[PDB]
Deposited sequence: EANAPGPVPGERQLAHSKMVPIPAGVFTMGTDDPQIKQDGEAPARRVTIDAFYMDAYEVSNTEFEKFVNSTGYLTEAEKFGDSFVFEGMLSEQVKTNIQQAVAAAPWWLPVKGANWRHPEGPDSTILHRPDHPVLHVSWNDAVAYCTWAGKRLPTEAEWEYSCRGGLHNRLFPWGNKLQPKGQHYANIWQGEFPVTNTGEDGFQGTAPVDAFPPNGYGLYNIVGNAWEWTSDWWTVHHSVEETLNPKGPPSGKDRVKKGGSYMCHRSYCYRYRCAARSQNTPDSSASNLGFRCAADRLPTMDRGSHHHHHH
């Protein structure tokens, strides 16, 4: 295992967003050309084991632990999100759940602040939304998914999302009802794993839905806001109610929020 390994994301210009938005309320549009300097991205979502090395070193107590509750999806105990007392990264469905059998799965119940603490501890940082989307797209232009426009290319599952009738029945057809190991599923063109699906991923940007079509260079998002941007979708997503396992998709939460489907990966200017 090399679950803290990074890959070099090459310098380039890409189209961020889409002029064919699918969730218009989320500011997926307009498409805009964005220039990104070469940098490094974690190949994997930060795992339980890797987060435990952080906590072992620093003694860090996560915001969910201090608050004393976190949001858990009802189907694994909106109306299907329940604030559960004693749910946190070590007990992802509440006090009598454990991570001992899933050490290689993504860490969950981590806030934006928790993520920044981890990444900075590791000599890294969160990616910006633009870096994240560029990396997600994996060197392809204007495609829905890291791998192209088909959800199941060659009849193969390429990401851990939902199959079945949400929220009642997850068939587990793709091989995972909850999370999968951080190295599950094929990599995209840049060597990134589970950049769509599995856990949602925090980014550094303040959220807004108002974007210019101006061209930009290493954009950081707006200078203020109340919610931070998260990307990529999770194991809960299904086309029927969600459609957020697209690189262009985007959503938000307050920086002190935490949930059973939300995690992160780090980036860095140079190798730490």
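Numbering the deposited sequence from 1, which residue ranges have no coordinates here?
Residues missing from the model, as numbered along the full deposited sequence, span 1-13, 91-104, 300-311.
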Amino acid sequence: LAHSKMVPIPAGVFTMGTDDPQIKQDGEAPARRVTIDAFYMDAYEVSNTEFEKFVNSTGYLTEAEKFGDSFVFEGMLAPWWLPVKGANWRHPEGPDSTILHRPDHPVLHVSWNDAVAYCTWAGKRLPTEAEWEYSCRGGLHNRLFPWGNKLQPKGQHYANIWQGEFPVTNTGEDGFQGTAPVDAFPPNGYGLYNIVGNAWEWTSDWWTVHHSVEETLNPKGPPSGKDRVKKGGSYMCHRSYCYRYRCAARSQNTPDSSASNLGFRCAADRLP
From here on, numbers count along this sequence of modelled residues.
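Per the entry, where is the mean C-alpha temperature factor higher: 211-219 or 243-251?
Higher mean C-alpha B-factor in the PDB entry: 211-219.
Once you work out the mean C-alpha B-factor for both 17-25 and 259-267 from the entry, which is higher?
Between 259-267 and 17-25, it is 17-25.
Of the choices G175, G123, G94, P127, which one's C-alpha carries the largest B-factor in the record?
Out of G175, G123, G94, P127, the record gives the largest C-alpha B-factor to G94.
Pick out which of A31, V229, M41, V46 has the highest C-alpha B-factor in the PDB entry.
Answer for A31, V229, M41, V46: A31, with the highest C-alpha B-factor.
C-alpha B factor of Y118, ranked within the chain: lowest, middle or highest third?
Tercile = lowest for this residue's CA B-factor.
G75 - which third its CA temperature factor falls in, relative to the rest of the chain:
Its C-alpha B-factor, which the entry lists for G75, ranks in the highest third among residues of this chain.
When the deposited Cα B-factors of this chain's modelled residues are ordered and cut into thirds, is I195 in the lowest, the middle or the highest one?
According to the entry, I195 has a C-alpha B-factor in the chain's lowest third.
Within this chain's modelled residues, let me know which third the CA B factor of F54 belongs to: lowest, middle or highest.
Lowest third.
State the tercile, meaning the lowest, middle or highest third, of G138 with respect to the CA B-factors recorded for its chain.
Bottom third by C-alpha B-factor.
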